[PDB]
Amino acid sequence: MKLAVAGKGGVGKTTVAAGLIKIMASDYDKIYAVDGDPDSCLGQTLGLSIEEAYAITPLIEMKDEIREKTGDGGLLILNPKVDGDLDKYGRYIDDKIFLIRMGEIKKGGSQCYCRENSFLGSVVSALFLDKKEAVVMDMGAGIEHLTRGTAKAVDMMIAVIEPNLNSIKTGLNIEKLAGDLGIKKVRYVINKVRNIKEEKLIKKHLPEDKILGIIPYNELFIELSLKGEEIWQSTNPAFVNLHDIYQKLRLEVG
């Protein structure tokens, strides 16, 4: 199974991705947790300490492997090859979850251009097309990491939104981009709903079949965030919601 989780920053996109990763880590023998969003740490949210996460060097910073994979000094390999060498780009969090941190993309200007991007692209592409084990990658609303090439391999794009017009619009934006790109399934996860009014607002703009589930606002996510980190276990009343979301998710995929 290949999943993409997108959402504007602050919507709780990383928290949702981590939750799904935690829950599906028992239906698969391995899962590629891919942090495609620099602004938030999928690693820490997954339970890693700020030290263990930093140590897992970001794809964008493997300046040597980038030079070697895209040819150096002489050649230039427009199509870097990366497969068996994936497990060298991350760390196993445990016997099931392998984490890869993309690292922030750049643009610069006529200096050291396009190389590293073809590197990350190769990784993403290999993860979705060449690899067979479940993959769950989170990303911002721009879903910049996906391409028509990989889009065909994405079983589902999960748009995480909050219960308000703006955010709902962003969700719809994501649905458009994902669609244009060729992803067949785009489902929503409304996070941080605080009252019933919000739930109604949601239903008034989004169809029922397009909604995976709702996650209530909960102080726990804030407390566990900066101490326990085990923010996703029976201990959390929101886990019931994740279970529902996940179950509904597998009903549509496989």
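Numbers follow the displayed sequence, beginning with 1.
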Between 194-202 and 66-74, the record assigns the higher mean Cα B factor to 66-74
Taking the deposited Cα B-factors and averaging over 108-116 and over 121-129, the higher mean is found in 108-116
Looking only at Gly228, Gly36, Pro216, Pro58, the Cα with the top B-factor belongs to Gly228
Of the three thirds of the chain ranked by Cα temperature factor, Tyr188 occupies the lowest
On the chain's distribution of Cα B-factors, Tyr54 falls within the third called middle
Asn241: C-alpha B-factor third of its chain, per the entry, is the middle
On the chain's distribution of Cα B-factors, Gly84 falls within the third called highest
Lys96: C-alpha B-factor third of its chain, per the entry, is the middle
